[PDB]
Amino acid sequence: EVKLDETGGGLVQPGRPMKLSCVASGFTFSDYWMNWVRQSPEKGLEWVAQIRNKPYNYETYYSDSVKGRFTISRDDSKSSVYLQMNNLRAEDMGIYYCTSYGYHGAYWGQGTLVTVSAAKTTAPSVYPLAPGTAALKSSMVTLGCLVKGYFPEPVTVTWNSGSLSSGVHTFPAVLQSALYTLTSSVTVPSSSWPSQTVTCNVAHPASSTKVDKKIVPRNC
Amino acid sequence: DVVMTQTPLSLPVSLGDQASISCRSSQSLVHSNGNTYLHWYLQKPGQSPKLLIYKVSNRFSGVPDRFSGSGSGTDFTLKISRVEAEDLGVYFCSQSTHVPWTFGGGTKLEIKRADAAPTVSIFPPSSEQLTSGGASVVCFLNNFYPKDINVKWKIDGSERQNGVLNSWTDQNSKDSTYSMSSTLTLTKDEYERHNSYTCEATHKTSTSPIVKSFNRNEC
Ligand SMILES: O=C(O)c1ccccc1-c1c2ccc(=O)cc-2oc2cc(O)ccc12
């Protein structure tokens, strides 16, 4: 099991700095070239920097877009790579992936979102979505959870501390009035609800918010 | 910068079908050391890119025998023998023979399946949102196919053309359907100026629209 654990992402004001870190385990780190690649809806996938290994003197390369503003470094003693970013602009926004490239293969970390904006962090407003008249669609029931007006991304949504997996739909966040709004549906066997308790748990790291709303029946 | 061109942009296929993705480079990808640094990745919805084929044709560890890489010079192709539902997602090629390393724009693999109509659910504001003085009306259109669908909201028989947010999921890895969420966000003052809220969908599986509604007072 290899893993590239990248951290240090988040919201940052334009012109300010940010530092990303990546810790590797599960493969011989010194045999690989480390690369940061970012991804944004606009330009898609773009390579930004590279730091070679020992045999190649830890030589570094950068793309024209970040040369002079970004510095990449590694520490083989700690199986880590770092990306120091300075004077960030809107065009630097995106998901940054830590990657290791070697002779027989390559691995990519999970990615960490870097948001470059002046806007302030806004906690989300979480509200449960119960049926107008809870009976039985077929052999199922659709329940929901609304995550309204937060900033920035991402927000994590799970159902029943995570125990409810199949039958869950978490829609992509949408930007409205400078704020994100997202929803999540889950369908459960009719005999299961409202018998047992179903609740969505929402986490918004940026504002350190952690909410657990139980989905109750509502005739209104 | 070496330019990577990927074709096609979208590739619909049925389970069992064979699929071909082509990738071309503006310059030769044969490195002076003699290797050809061209790789293929698959990015599944929600996940990061995973390496499939390395250096034109080497199947990476844990990759199914049904994926093969081929080509040379500046023309490379990626073949998938028999498409499974889990192969859904975007495929990218990259060259790392030249600095800067560059990626193709990706090819989305879509899985053609039998039509399925939307399972619609409408949700009126919870008491809690109303207390903050907000009124969001949510409507789910789950597991349908094809992706192409249309939703319309009608307030008191009239068509609302302001305050609606729509969001589509990517195609499902398990059953190949699509879902969609539609939210009508009104202030609570706005929400009490009317009575009928209707979520209306148009999917080629039905000649007549699929309608879901609720009345405020009827509640
Ligand atoms: O191909 C290699 O010999 C190699 C071996 C160990 C670490 C890095 C590389 C490597 C390269 C080594 C020398 C060189 O001149 C160019 C290299 O390009 C690579 C490109 C990759 O995608 C992935 C790996 C490489």
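Values below: all heavy atoms of this structure, side chains included; hydrogens, waters and symmetry mates excluded. Read the numbers this way: they start at 1 and go in the same order the structure lists the ligands and their atoms. Below, chain A is the first sequence line, B the second, and so on; all start at residue 1.
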Indicate the ring-plane relationship of B/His39 and B/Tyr54, choosing parallel, tilted or perpendicular according to the 30° and 60° boundaries.
parallel

Kindly confirm or rule out an N or O of A/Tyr32 lying under 3.5 angstrom from an N or O of ligand 1.
no

Is it the case that ligand 1 has an N or O less than 3.5 angstrom from some N or O of B/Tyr37?
yes

Donor-acceptor pair, B/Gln6 side chain versus B/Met4 backbone, under 3.5 Å?
no

For ligand 1, which atoms sit closer than 4.0 Å to a heavy atom of [X]?
{"X": "B/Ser96", "answer": "18 (O), 20 (C), 21 (C), 22 (O)"}
{"X": "B/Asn33", "answer": "13 (C), 14 (C), 15 (O)"}
{"X": "B/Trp101", "answer": "20 (C), 21 (C), 22 (O)"}
{"X": "B/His31", "answer": "15 (O), 16 (C)"}

Of all the non-hydrogen atoms in the protein, which one sits nearest to [atom], and at what distance?
{"atom": "atom 16 (C) of ligand 1", "value": "A/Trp33 CH2, 3.6 Å"}
{"atom": "atom 23 (C) of ligand 1", "value": "B/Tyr54 OH, 3.1 Å"}
{"atom": "atom 24 (C) of ligand 1", "value": "A/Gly102 O, 3.5 Å"}
{"atom": "atom 5 (C) of ligand 1", "value": "A/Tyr103 CB, 3.7 Å"}

Ligand 1 versus [X]: contacting region, heavy-atom distance under 4.0 Å:
{"X": "A/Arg52", "result": "neither"}
{"X": "B/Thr97", "result": "neither"}
{"X": "A/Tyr56", "result": "side chain"}

Let me know which of B/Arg66, B/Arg82, B/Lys79 forms a salt bridge (charged side-chain N to carboxylate O under 4.0 Å, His left out) with B/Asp87.
B/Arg66

For atom NZ of A/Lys43, is the number of surrounding heavy atoms from other residues, nucleotides or ligands below 6.0 Å larger than 12?
yes

Are there over 12 heavy-atom neighbours, none belonging to A/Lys137, within less than 6.0 Å of that residue's NZ?
yes

Quick one: list whatever passes ring pair (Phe, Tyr, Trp, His ring centres under 6.0 Å) with B/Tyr37, sequence neighbours left out.
B/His31

Separation between OH (A/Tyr103) and NZ (B/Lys55), nearest 0.5 Å, reads 4.5 Å

Using non-hydrogen atoms of the residue, decide whether B/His39 is closer than 4.0 angstrom to ligand 1.
yes

A/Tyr107 and A/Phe27 aromatic centres sub-6.0 Å:
yes

Qualifying residue for side chain to side chain contact (heavy atoms under 4.5 Å, CB included) with B/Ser26, from B/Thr5, B/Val2, B/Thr102, B/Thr74:
B/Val2

